[PDB]
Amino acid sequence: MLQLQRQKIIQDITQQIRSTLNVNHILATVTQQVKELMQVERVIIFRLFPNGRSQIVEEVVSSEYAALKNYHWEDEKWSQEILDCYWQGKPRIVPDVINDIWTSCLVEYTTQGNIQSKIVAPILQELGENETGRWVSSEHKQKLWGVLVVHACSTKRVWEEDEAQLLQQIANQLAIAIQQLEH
């Protein structure tokens, strides 16, 4: 019968639930919006795992340039001066990545991605209680879940304060949303 039409919305409703409630769908939607809004050739999310691994988990490329999605690496150590900056929730403006000494090794990765300049915006979990790893601070009582990056590949783009100021405000809203959807 038309008991058939009962389930053409249950598959809708279940769709909206699993949609809104899995993290990746709201990563892939935010990133797509940051990309279109800042007219940036690439937006990525760099996920930092405590064991030392780290992977590009979402990316939204201008089709001109490579897909660095899923790109990865183990035992990721960052420079202490850099991590102090990102722990305080401050972004980073890298107006020339190729002569940036902190990204002096991601030159394979730099040259493929075609990155000239970029803004790096930390994503911070207020994680209290007991957890410790490679990306966790005792001074600032927060863990660095990962990093929202924006890539300017076609030109050595100059960035404004309120462009980075803005980015960080968007990551800081992912910090909250991620603390929620981890099971």
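Each residue number is its position in the shown sequence, starting from 1.
Annotation for 15-23 versus 161-169: the higher mean temperature factor (C-alpha) is found in 15-23. Between 43-51 and 132-140, the higher mean Cα B-factor belongs to 132-140. Which of 107, 85, 101, 94 has the largest Cα B-factor in the deposited entry comes down to 107. Among the modelled residues of its chain, residue 57 has a C-alpha B-factor that falls in the middle third, as given in the PDB entry. When all modelled residues of the chain are sorted by CA temperature factor, residue 2 is found within the highest third. Among the modelled residues of its chain, residue 127 has a C-alpha B-factor that falls in the highest third, as given in the PDB entry. Residue 31: CA B factor lies in the lowest third for its chain, per the PDB record. For residue 67, the recorded CA B-factor ranks within the highest third of the chain. Only modelled residues enter the ranking.
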